[PDB]
Amino acid sequence: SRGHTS
Amino acid sequence: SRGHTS
Amino acid sequence: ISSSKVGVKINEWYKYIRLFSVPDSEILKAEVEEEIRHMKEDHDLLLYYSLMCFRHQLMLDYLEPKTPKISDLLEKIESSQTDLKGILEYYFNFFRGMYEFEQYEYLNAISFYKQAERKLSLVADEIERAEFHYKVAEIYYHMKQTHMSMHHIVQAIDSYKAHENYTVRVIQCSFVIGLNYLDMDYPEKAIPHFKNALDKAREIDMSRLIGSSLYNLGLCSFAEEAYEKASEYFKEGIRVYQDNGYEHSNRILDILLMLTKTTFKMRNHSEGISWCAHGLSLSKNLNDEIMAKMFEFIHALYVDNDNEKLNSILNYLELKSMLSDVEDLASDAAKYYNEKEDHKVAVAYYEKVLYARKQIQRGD
Amino acid sequence: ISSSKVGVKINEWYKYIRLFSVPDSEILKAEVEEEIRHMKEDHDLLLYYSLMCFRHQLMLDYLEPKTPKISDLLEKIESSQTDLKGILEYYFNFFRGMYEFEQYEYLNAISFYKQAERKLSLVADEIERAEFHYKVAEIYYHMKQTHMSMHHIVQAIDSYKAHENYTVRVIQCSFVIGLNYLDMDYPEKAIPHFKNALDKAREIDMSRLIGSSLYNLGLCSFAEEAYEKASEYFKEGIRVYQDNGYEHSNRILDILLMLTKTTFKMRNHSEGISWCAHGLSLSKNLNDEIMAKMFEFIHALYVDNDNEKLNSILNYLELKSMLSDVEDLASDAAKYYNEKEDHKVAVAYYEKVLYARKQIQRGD
C-alpha cells in the first residue's frame, strides 16, 4: 500500500 | 539479449 | 475601484493557507467577503475569490475531516472556465488537480497538474512553486513514478527548508522523499526522513502527522519483514488517529490495511480477521470503495483462496490507475501461495507482479 | 612554432573520423605524423595526437574487425594523465570510456563518461556533443536505463539530422531509439526506426549495419512471439555478416544467441542444438567469455535442465553488471519451466526476474 504523503 | 547499438 | 485591495487580500489569504494558519485564514476570508460586498461585478476577482474559498476548504477538511461544502464551491468554480489567462489560470488548474487527487481521480489530477505546470514561469513566489513541486511529486509517488517524484520533491523541500514556519509541508516532503527511497528498496535510507518528520510532528503536536509518521515507519519494518515491529508502528498509528478525532479519515484505512496484512503474515489468524473486520466495515461506512476493495483482496487471499475475486480486484485497481497497489497485492498473493507450496497459482500472481511493473515502467 | 598548425590538423582529423571517411582520416594521420616530426616536445600536443590515434583505431576496428595495436596506443595514452585540463581532458575521459565499453567494462565506461560529461560546456561543436550524447545513450540502453538513454539519444539524433553525411551515426541513433521503445514493450513503436535504419544502411551499402538492422528487427518479432519471422530476420543477419567479412565480429554472437533461443522455442530441438553448437564454438574462438556464458545458459536450460549452472551464470552476469541479460535469461527459464508445468522451479526464476528488475530500477 502507498505510504502517507499527507 | 541487448540489441545492436553498433 | 480598489480592485487591487481585494487582490492583495486574497493573495495574503493564500499565504496564510499555505502556512496552515486557520485563525489568520479565517480573518482574511471575512475581510475579503466584506470587500467583495462593496465591489463592482469583476468576474475574474469573483473567480479568484471562489478558487481561494475552494483552497481554504481543502485546508479545513485536511485538519477537520467531514463527519458537502466542497461540492458547492466546486460547482461555482466550474461555472466560468473560458477566457482564462495568467496566474488565475494556473490557480484554476492547480486547485482542480488537488481536488481530483482527493477523489482518487489520478488521471484527471495529472492532466490538471500538467496544465498548471505549463504556466510555472508566471509564478514568481518560490514558496508557491514549492507547493506545486510537492503536490506533483506526491501524485507521482502514488503512481510509483519514482524518478519524476524525486525530481520534484527535491525542488520543494529545498525551498521550504529555505523559509521557516512551513514545517507541516516539511514533514510532508520528508514523507515523499523517504517513501521514494522505500520504493527503491532502500529502507535504511528512508527511516532517517521518517524519524525526522516524526520529531517535528511531535513538536507542533500534529496528531495525524505523528500517526502518518508511524505508518510510514511501519512500512519500512514491513519491507524488512520485521512484522512484530511493523505491527507495533501500525497499532500506535491507529491509536493516535482515533484518540484525536481522526477515526473518520479515509487515511486511517491505509494503516488498518497493513496491520491486517501484517498480523495475517505473523500467522495470527484469529487477531487478523477481527482487524480485517474493523477495516472493511469502516471502509463501507466512509463510502471508500477503493479501500473496501483492498480489504476484500486480503480476505479473499488469506481466508478464502478466492483467486477469481483476486483477479477481478486487481483488474479493478488497474482501471483505477493504481498499478502500485496491483503490484503490492499480487506480491502478497504470490508469497502466500509460494509459502503454501501452491506453485502453480503462485506463478500466475508473480506474472501479474511482472505485468504491473512493466505498466508502471511505461509511464507516458 | 606553428603548434596550432598541428592542432588544427588533429581537429580536422577528428572531423573526418566522425564522418567515417577512412581515406580522409588516413591522409590527415599522415599529415600530422609529418608535422609532429618537425615539432618541439609539446607533451599536450603529443597526448592530443595519441588520443586521436586511439580514436582513429576505434574507427578502423569497427569497419575491419581484428583477425593488438589498440593496446599499444592505450599504453602510451595512459602514460601521462596528470596536469590535464580543458578540452583535452574531455577527449581523454570520453575516449577511455569508449574503449572500456568495447571491453565490456561498463562500470569503468560509465565513470569515464561521467567525468567527460562534467566538461561538456567546453564543447562548442554541436556534432561533437552529439557524439557524446549518442555514446552515453548507448551504454545507458545496455544498462536498461531507458529514461536516461532516451534523454540523451534525442539530443544526439536531432543534432545529427540537422547536419548531413553523418548517416552512419543516424542509423546507430535509430537503433538506440527503437531499442528503448522495445524495452518499454512498444514493438510497434520500434519497427519504424529499425526499418528507417535498414533503408539508409542499404543506401550506403554498409553490410554490418544492414545485418544489425535485421537483428534488431528480429528482436521485435521475438517480442511479438513471431518466432518464424524472428528466425528469418536472424538468419539473414548472420548471412550478411558472414558474406562480407564480419563472421569474426563479436557482435554476430548476439544474433546467433537469439536464433538459437528462437529455434529452441519453436520446438525445433535438432536444428537448435547445431545452432547453439556453432555459437558456443565461435565464442570460444573469439575469446568472448561473456557471450560463451550466455550460450552455456541456453544449453543448460533447454537441453540439460542444469539449474545450478543457470544460477551461477546469472550470478556471473550480475557481477558483470549486465542485469538486463540476467532478466532476459531468467525470463527464458521461467517461461520454459512454466510451460513444462514445473511450477516449483519456475517460481524461483520468476523471482530472479523480479530481482533483476528491481536492481535495474535502483540505478545510481
# chains A, B, ... in the order shown; residues from 1 in each chain; ligands from 1
call {"tool": "residues_around", "arguments": {"residues": "residue 230 in chain D", "least_positions_apart": "6", "cutoff": "12 Å", "atoms": "only C-alpha atoms", "output": "ChimeraX atom specification"}}
result
/D:214-224,236-237,255,258-263,265-266
call {"tool": "residues_around", "arguments": {"residues": "residue 6 in chain A", "least_positions_apart": "3", "cutoff": "8 Å", "atoms": "only C-alpha atoms", "output": "count of residues only"}}
result
4
call {"tool": "atom_distance", "arguments": {"atom1": "CA of residue 200 in chain C", "atom2": "CA of residue 161 in chain C"}}
result
12.8 Å
call {"tool": "residues_around", "arguments": {"residues": "residue 45 in chain D", "least_positions_apart": "5", "cutoff": "9 Å", "atoms": "only C-alpha atoms", "output": "list in words"}}
result
residues 3, 6, 7, 36 and 50 of chain D
call {"tool": "residues_around", "arguments": {"residues": "range 89-103 of chain D", "least_positions_apart": "5", "cutoff": "8 Å", "atoms": "only C-alpha atoms", "output": "JSON, numbers by chain"}}
result
{"D": [51, 54, 55, 58, 84, 108, 109, 110, 111, 112, 113, 115, 116, 117, 119, 120, 132, 135, 139]}
call {"tool": "write_last_selection", "arguments": {"atoms": "C-alpha atoms", "output": "PDB file, in the first residue's frame"}}
result
ATOM      1  CA  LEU D  51      44.318  10.240 -28.263  1.00  0.00           C
ATOM      2  CA  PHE D  54      43.390   5.782 -30.398  1.00  0.00           C
ATOM      3  CA  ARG D  55      40.150   7.222 -31.782  1.00  0.00           C
ATOM      4  CA  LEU D  58      38.474   2.581 -32.859  1.00  0.00           C
ATOM      5  CA  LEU D  84      45.188  17.600 -17.645  1.00  0.00           C
ATOM      6  CA  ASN D 108      34.528   1.916 -15.792  1.00  0.00           C
ATOM      7  CA  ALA D 109      32.995   3.271 -19.004  1.00  0.00           C
ATOM      8  CA  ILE D 110      30.158   4.973 -17.109  1.00  0.00           C
ATOM      9  CA  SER D 111      32.685   6.548 -14.740  1.00  0.00           C
ATOM     10  CA  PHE D 112      34.789   7.851 -17.636  1.00  0.00           C
ATOM     11  CA  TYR D 113      31.699   9.113 -19.472  1.00  0.00           C
ATOM     12  CA  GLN D 115      33.889  12.673 -15.993  1.00  0.00           C
ATOM     13  CA  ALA D 116      33.749  13.771 -19.635  1.00  0.00           C
ATOM     14  CA  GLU D 117      30.150  14.906 -19.078  1.00  0.00           C
ATOM     15  CA  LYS D 119      33.248  19.360 -19.059  1.00  0.00           C
ATOM     16  CA  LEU D 120      30.538  19.380 -21.736  1.00  0.00           C
ATOM     17  CA  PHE D 132      28.851  12.161 -26.602  1.00  0.00           C
ATOM     18  CA  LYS D 135      27.668   7.156 -26.765  1.00  0.00           C
ATOM     19  CA  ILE D 139      25.664   2.450 -22.576  1.00  0.00           C
TER      20      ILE D 139
END
